[PDB]
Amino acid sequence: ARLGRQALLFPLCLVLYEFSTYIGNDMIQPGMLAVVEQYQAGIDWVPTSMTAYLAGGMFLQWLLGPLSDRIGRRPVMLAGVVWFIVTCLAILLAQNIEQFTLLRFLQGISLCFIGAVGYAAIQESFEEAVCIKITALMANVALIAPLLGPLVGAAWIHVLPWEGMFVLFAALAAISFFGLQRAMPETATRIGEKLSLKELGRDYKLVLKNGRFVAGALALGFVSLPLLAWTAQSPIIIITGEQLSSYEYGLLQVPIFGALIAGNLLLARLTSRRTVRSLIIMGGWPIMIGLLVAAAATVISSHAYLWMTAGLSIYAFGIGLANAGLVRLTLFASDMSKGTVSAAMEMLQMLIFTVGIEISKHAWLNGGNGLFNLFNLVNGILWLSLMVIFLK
């Protein structure tokens, strides 16, 4: 007795899995101060938790897409959910911060299953119209998690051990596993076919030769890096840096990620009467001004964290308005397999995130908020520079 009611259970559980992998990063960052204290490791390992998680997030997309096409979307997706559960529980037995960070990398591999197999099964399963609605819900979850995560995460370590968070991630994932086991269809259309790694290597070499595709893909990385660098480092900037509490830390997340949502909501309204190109130029203004204000203010006054938050909120508003559009143009900048293009642009932007967060970390360690913000400004200029070519 399962076909109508169990039709929308499949996207629902994939959304739940997407949610748990995202708070798997976003809840952990505030709780990371407790982790650092419990291992007696330096504060420099706080953003490295995210770096490793995102490094794992770019490790397998290239393989998982065409592999799940040959052996099945079901077994590969269920293997990803299981892997997440297992590595979530496995981090409880970590004996030092290096082992913690290593399992943080292994946990992040679970991200690769969302786009390359999960969402591919969505495209293959539903009509164009219904697929749009699921994609919309997936985008909403991506907006809520970086806001709810630091808030719940900061409140969590006030009462419960950080170990408990990973039990929560695995429990949520276990719910999604049983749901995906029952409701996910098999939609792989190349089952039985052999997979050629040499032939797959030729495909990725081909998209990287597309100059216009790479410019847009790097631009998505550079432009979102400030936001990710804030996510990675706000616990150490606010609590250990500014000598503030969890309350301030969490409160400052609201205007920033709230502006992100506001910029996406305005994007939804203006989408019928604006081209993707003009929305990028539209968002370009608050992106540049926001980053400029954050930089200038913390250079003249190192502890002007409210001005920093204000600048990042203005910038975040610009990202909400301009990001989805640039994703769209980058996807269509290469006339090649969507799975390959998606994986390539996911891989490229997460290379910039991982490298950039680590540079960002050293920037703040050596020069405080001024240098943290100046590096963010450079990333904006790099996005802006790529846009003058990508658009003109």
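In case it trips you up, residue 1 is the first one in the sequence shown, and so on.
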On mean Cα temperature factor in this entry, is 7-15 or 373-381 the higher one? 7-15
Return whichever of 225-233 and 140-148 has the greater mean Cα B factor according to the PDB record. 140-148
Note to self: of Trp83, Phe178, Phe100, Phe317, the C-alpha temperature factor tops out at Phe178
One of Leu251, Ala262, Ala296, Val130 has the largest Cα B-factor in the entry, namely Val130
Would you mind ranking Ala173 by its C-alpha B-factor against the rest of the chain and naming the third, lowest, middle or highest? middle
Would you check the entry's CA temperature factor for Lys361 and let me know if it's in the chain's lowest, middle or highest third? lowest
Split into thirds by Cα B-factor across the chain's modelled residues, where does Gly311 land: lowest, middle or highest? lowest
Please rank the C-alpha B-factors of the chain's modelled residues and tell me whether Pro255 sits in the lowest, middle or highest third. lowest
Ranking every modelled residue in this chain by its Cα temperature factor as given in the entry, which third contains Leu67? highest
